[PDB]
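Order of the sequence lines sets the chain letters (A, B, ...), proteins ahead of strands, with each chain counted from 1. Just so it is clear, the values below take in all heavy atoms, side chains as well, and ignore hydrogens, waters and symmetry mates.
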Amino acid sequence: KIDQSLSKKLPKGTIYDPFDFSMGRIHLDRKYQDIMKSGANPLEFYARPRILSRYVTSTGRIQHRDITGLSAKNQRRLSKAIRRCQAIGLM
Amino acid sequence: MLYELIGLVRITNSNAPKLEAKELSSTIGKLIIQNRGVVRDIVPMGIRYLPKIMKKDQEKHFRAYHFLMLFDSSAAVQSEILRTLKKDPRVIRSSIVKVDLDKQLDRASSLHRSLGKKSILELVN
Amino acid sequence: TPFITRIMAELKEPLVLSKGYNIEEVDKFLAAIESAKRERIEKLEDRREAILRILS
RNA sequence: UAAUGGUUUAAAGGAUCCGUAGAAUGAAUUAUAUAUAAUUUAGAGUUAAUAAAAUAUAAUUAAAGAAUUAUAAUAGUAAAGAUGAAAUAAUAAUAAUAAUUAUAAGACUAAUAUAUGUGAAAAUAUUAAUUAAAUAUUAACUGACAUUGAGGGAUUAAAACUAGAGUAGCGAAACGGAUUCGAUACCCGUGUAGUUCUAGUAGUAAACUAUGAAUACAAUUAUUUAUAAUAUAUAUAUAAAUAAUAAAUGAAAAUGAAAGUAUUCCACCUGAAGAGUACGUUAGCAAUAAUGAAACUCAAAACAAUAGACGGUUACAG
Ligand SMILES: [Mg+2]
Ligand SMILES: [Mg+2]
Ligand SMILES: [Mg+2]
Ligand SMILES: [Mg+2]
Ligand SMILES: [Mg+2]
Ligand SMILES: [Mg+2]
Ligand SMILES: [Mg+2]
Ligand SMILES: [Mg+2]
Ligand SMILES: [Mg+2]
Ligand SMILES: [Mg+2]
Ligand SMILES: [Mg+2]
Ligand SMILES: [Mg+2]
Ligand SMILES: [Mg+2]
Ligand SMILES: [Mg+2]
Ligand SMILES: [Mg+2]
Ligand SMILES: [Mg+2]
Ligand SMILES: [Mg+2]
Ligand SMILES: [Mg+2]
Ligand SMILES: [Mg+2]
């Protein structure tokens, strides 16, 4: 067998080109690799530690907007919700 | 004003953990209704492990019965309720947050509003 | 001054409702809802009292 | 014999805003002699509705969190701590340091984060509540009610002072240990005042964008940011901010929607030094703050840029 990284699995029902059978395709795939990214207000999840534990680190540090990819407003609301959750004995 | 209380009641009686939370809710609700208030919801959260070993007064806890209460009351009685909560050994953590009614008279709790049910009318349909 | 005092007193009267509601209109509206429902008692009193408490 | 000036950096924007006088300035149409009168809504306002987290700001009250220090124990043993390396009158055999618990006290606020924003500025980002303020667009309404603003008023970092609390950490002064030719310094150790809170006084900062406020206008692009649509797509329109610019300006650096084109009102400047000094006055418990000279001396003094030299300056090569 060979390492799965070095191989490319062409999905089912998809068209392909001969290029797809090449290291170029895998390399191009590597280089070019939710609830809050929506109309939902993150400040309504302040009592739901499971949901907003996805937007923190293993130690609990809120993730930068560069990571979360949220809008500025939803980043601010999410940070407020996480801090409030930390204060009220959850989180 | 509509307020949302989220209490973390202690559970010392292992065989019936909900016993404390029921009488907490009864006391707070009696206070609210006898002070020209209204109680809209008493949504129970379950028994959950606290993130840390939280020490209310001089006893350490590792888990608690979480519960939510949505109630309409005035500012003075809301402060009184918070006062009673803070000086109660049964309660480990407490928090009261306003739910703004400038748009809608009817509004669901934070949990139901997060699920998608914006108001109690949706939640009863 | 009479004006300021009368305005504040009228604000402090009982059965004064916020959000532009009037107690007479509210009572008539609730009775109209019930009569319309018939045309298509303590529980209704509790509903009325809850409404007046929320709108107080 | 130069104001046919200036104030980001050469001298010069008031810390900020509010607002009185102004013998300051200021919309539209018509009529009659710059005014009066009647009309108008484009500036400036008021009240609703709608949307949005008006979340952020201010005061108040109520909470949370990591850590630090000390105290007590538990076991365990000879070093620990600090430094460039060491040493310290008060580290450890009186069992220390490290570890694990348990109590106590103060102060602070990790991530998010950009101070994005909010606030007149100073400031302001752990949580919640009360009160107060702040957004856009529509509807209706007032009919110039505006701008600026001498004097005045209010607020105003850090330090400082007066009382009363508090004082864990940090830490002026002081006392010691080093280093040094010397140490009065940088470094190390104890550490008072202060830093914290309450009630005040004081009103200064490179209180800075070193850039006063308002109004009208001027070529682009790209980003966001916030609304309004239209069916993720219109690389969607309308605003603000940010970034790079055209023109213009400018001693240039550069500014760039203002340091451009204009208008209005206020503040300020007039060589260096003497000097923000002296004297006086006012205020303040004081420290001080404000106001603020002159003689004497000189042909200096400063700003931007240019080319070098130098650097206990960077990177790359050989
Ligand atoms: Mg002349
Ligand atoms: Mg200079
Ligand atoms: Mg200057
Ligand atoms: Mg200024
Ligand atoms: Mg100045
Ligand atoms: Mg932070
Ligand atoms: Mg003014
Ligand atoms: Mg500061
Ligand atoms: Mg002080
Ligand atoms: Mg004192
Ligand atoms: Mg101290
Ligand atoms: Mg020290
Ligand atoms: Mg020296
Ligand atoms: Mg020292
Ligand atoms: Mg004062
Ligand atoms: Mg001074
Ligand atoms: Mg000054
Ligand atoms: Mg100039
Ligand atoms: Mg002086």
Based on the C1'-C2'-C3'-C4' dihedral, does [N] have a north or a south sugar?
N	value
D:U74	north
D:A183	south
D:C208	south
D:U230	north
D:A95	south

Notebook entry, point to check: Considering only side-chain heavy atoms of B:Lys103, which listed nucleotide, D:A62, D:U130, D:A52, is closest?
Noted result: D:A52
Could you check whether any side-chain N or O of [X] sits under 3.5 Å from a backbone N or O of [Y], counting only pairs where one atom can act as donor and the other as acceptor?
X	Y	value
B:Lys18	B:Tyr65	no
C:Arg6	C:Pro2	yes
C:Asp27	C:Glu24	no
B:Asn13	B:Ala16	yes
A:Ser22	A:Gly24	yes

Note to self: Both B:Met1 and A:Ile82 contact RNA chain D. Taking the nearest nucleotide for each, which residue is further toward the 5' end?
What the structure shows: A:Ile82
Tell me whether the bases of [M] and [N] count as stacked, where stacked means ring centres under 5.5 Å and an interplanar angle below 30 degrees.
N	M	value
D:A49	D:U50	yes
D:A129	D:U130	yes
D:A42	D:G43	no
D:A53	D:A54	no
D:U112	D:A113	yes

Linked, directly or transitively: [X] and [Y] (ILVMFWY side chains, under 4.5 Å):
X	Y	answer
B:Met69	B:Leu24	yes
B:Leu85	B:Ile6	no
A:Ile62	A:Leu43	no
A:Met91	B:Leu8	no

[N] vs [M]: Watson-Crick/wobble pairing, cut-off under 3.5 Å:
N	M	answer
D:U135	D:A51	yes
D:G143	D:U50	no
D:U288	D:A283	yes
D:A229	D:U100	no
D:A240	D:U29	no
D:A70	D:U103	yes
D:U74	D:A99	yes

Check: Counting any heavy atom closer than 4.0 Å, what does B:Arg93 reach on the DNA or RNA strands: base, sugar-phosphate only, or nothing?
Finding: sugar-phosphate
When the distance from [atom1] of [X] to [atom2] of [N] is rounded to whole Å, what number comes out?
X	N	atom1	atom2	value
B:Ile81	D:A63	CD1	P	16 Å
A:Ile67	D:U114	CD1	P	12 Å
B:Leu5	D:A63	CG	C1'	14 Å
A:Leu78	D:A111	CG	P	16 Å
B:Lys86	D:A63	NZ	P	7 Å
B:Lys87	D:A63	NZ	P	12 Å
B:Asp102	D:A52	CG	P	12 Å
B:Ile92	D:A64	CD1	P	13 Å

Item checked: Sole residue of B:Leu82, B:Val9, B:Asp88 in side chain to side chain contact (heavy atoms under 4.5 Å, CB included) with B:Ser94 -> B:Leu82
Measuring from [X]:[atom1] to [Y]:[atom2], what's the distance to the nearest 0.5 Å?
X	Y	atom1	atom2	result
B:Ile33	B:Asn35	CD1	CG	9.5 Å
B:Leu70	B:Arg113	CG	CZ	7.5 Å
B:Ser25	B:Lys30	OG	NZ	12.5 Å
B:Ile11	B:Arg48	CD1	CZ	12.0 Å

Check: What string of B, S and - do you get for nucleotides 124-129 of chain D, 5' to 3', when a contact is any protein heavy atom under 4.0 Å?
Finding: --SSSS
For atom [atom1], what is the distance between [N] and [M], given to the nearest Å?
N	M	atom1	result
D:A302	D:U25	P	44 Å
D:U209	D:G13	P	15 Å
D:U97	D:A111	P	33 Å
D:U61	D:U46	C1'	35 Å

Margin query: Assess, by modelled atom type and distance only, whether the side chains of B:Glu4 and A:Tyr46 contain a donor and an acceptor separated by less than 3.5 Å.
Written below: yes
Margin query: Which is it for D:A262, anti or syn, if anything within 90° of zero counts as syn?
Written below: anti
Item checked: Chi-angle category of D:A58 [syn within 90° of 0, anti beyond] -> anti
Scan nucleotides 103-109 of chain D against the protein and return all N/O pairs shorter than 3.5 Å with their distances rounded to 0.1 Å.
unit_1: D:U103; atom_1: OP1; unit_2: B:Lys55; atom_2: NZ; d: 3.4

Margin query: At a heavy-atom distance below 4.0 Å, what parts of residues 47-65 of chain A sit against RNA chain D?
Written below: A:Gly60, A:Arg61, A:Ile62, A:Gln63, A:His64, A:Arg65
Item checked: hbond_proxy A:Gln86 side chain to D:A111 base (donor-acceptor, 3.5 Å cutoff) -> yes
Note to self: Return the pairing partner of D:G274 with a 3.5 Å limit on both distances, Watson-Crick or G-U wobble; otherwise return none.
What the structure shows: none
